[PDB]
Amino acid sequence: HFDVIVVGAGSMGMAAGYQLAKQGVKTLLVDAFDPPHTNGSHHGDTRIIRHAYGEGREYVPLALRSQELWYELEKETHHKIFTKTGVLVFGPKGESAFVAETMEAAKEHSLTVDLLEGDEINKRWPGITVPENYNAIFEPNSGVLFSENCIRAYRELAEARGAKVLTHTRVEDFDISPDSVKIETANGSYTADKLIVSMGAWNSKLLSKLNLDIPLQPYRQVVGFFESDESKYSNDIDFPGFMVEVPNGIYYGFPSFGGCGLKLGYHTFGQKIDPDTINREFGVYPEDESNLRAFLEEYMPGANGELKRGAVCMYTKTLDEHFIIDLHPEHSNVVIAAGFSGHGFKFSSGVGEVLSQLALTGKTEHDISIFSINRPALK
């Protein structure tokens, strides 16, 4: 028996477990694998954190809280957590809602940003070649998280404080009562007062076992690392992280760290998949490499060398691409964290705090109604 069980000890679940353990709550975390791992949504080494938020100005306080928590984690562990690369956002002037909302978000929250146009972009960051009609907003104080190290650090800190992590154990079913929760696995059954459910892409398959019917679609999302001109694209010469809008969608990427090569993903396209049958080999579809080189040859031509490494990862999308962070509508002793829609990792520190509050008290300090499980746009 525990105070709290966390099912899925990944990005959100491990952060929640640390928050609980820190408060002396007796916590069990259960995971299908041994986090961090390459079967979920957290691998590929690096994750962008932005504060000025093109998906919506209402995420900014959560972003800023999460950033402060990431600096706190850096101080507590020997693992590397965060590098302040800055984040460049650009797109054609007048033709990117994402860029426009990034700019509005920065204004509304008085964030520190630089605004640039056309050739100014290419001049400031050798290696970038945008058309003259593009504009940009650069956020100097955001950057890059080392996501596998984040999970490892939270795990080690939680375990030192008495959290138990049961690895390689799939939760197969749930039994919820008014006064207790139970999970069923092939390695045994466990009970607690409260449950947090954070199974990433598997939320789309297993939330039905809690009598929930929520549209959730897992997507197969690849990234690649490319041999690059290190005099232009290295973190050592202040090449930024980036998230940009071009006519054919949104691309994102990372400077080369220690010669790993520039890393690139295509955000707005992926294959609809089931997490149990996804093909986790990079390059099995022509789109995997070709969509990436299409961007590199046009906008970052010195980073379009040999493919050094590929990875395959999953998003879990809601209809509105906003998260789900709430109590179960029928069971106040069950907390749901789902649907992070390809943009949740940067918030995992702050979400851990929210989940711990919801589990312990049934409430949170600030409104999180944008992530309500009851909202119309979910259905």
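Numbers follow the displayed sequence, beginning with 1. For the two forms, the rigid core is made up of the largest set of C-alpha atoms that agree within 1.5 Å on superposition.
- Message: Using the rigid core for superposition, please say which stretch has the greater CA deviation in 4 other deposited structures of this protein, 57-65 or 332-340.
- Response: It is 57-65 whose C-alphas lie farther from the shown form in 4 other deposited structures of this protein.
- Out of 323-331 and 65-73, which stretch has the higher average CA B-factor listed in the record? Comparing 323-331 with 65-73, the higher average CA B-factor belongs to 323-331.
- Average Cα temperature factor in the PDB entry - higher stretch of 239-247, 202-210: The deposited B-factors put 202-210 ahead on the C-alpha mean.
- For the C-alpha B-factor as written in the entry, point me to the maximum among 139, 281, 148, 159. Each of 139, 281, 148, 159 was compared by C-alpha B-factor; the highest is 281.
- Please pick out which of 223, 196, 176, 144 has the largest Cα B-factor as recorded in the entry. Comparing C-alpha B-factors across 223, 196, 176, 144, the maximum falls on 176.
- Task: Taking the chain's C-alpha temperature factors as the reference, tell me which third residue 21 falls into: lowest, middle or highest.
- Result: It belongs to the highest third of the chain when residues are ordered by C-alpha B-factor.
- Task: Relative to the other modelled residues of the same chain, rank the CA B-factor of residue 56 and answer lowest, middle or highest third.
- Result: As the PDB entry reports it, the C-alpha B-factor of residue 56 lands in the middle third of its chain.
- Split the chain's modelled residues into thirds by Cα B-factor; is residue 107 in the lowest, middle or highest one? Tercile = highest for this residue's CA B-factor.
- Message: Using the temperature factors of the C-alpha atoms in this entry, rank residue 11 within its chain: lowest, middle or highest third.
- Response: For residue 11, whose C-alpha B-factor we compare with every modelled residue in the chain, the answer is the lowest third.
- Query: Looking at the C-alpha B-factor of residue 163, is it in the lowest, middle or highest third of its chain?
  - Reply: Middle third by C-alpha B-factor.
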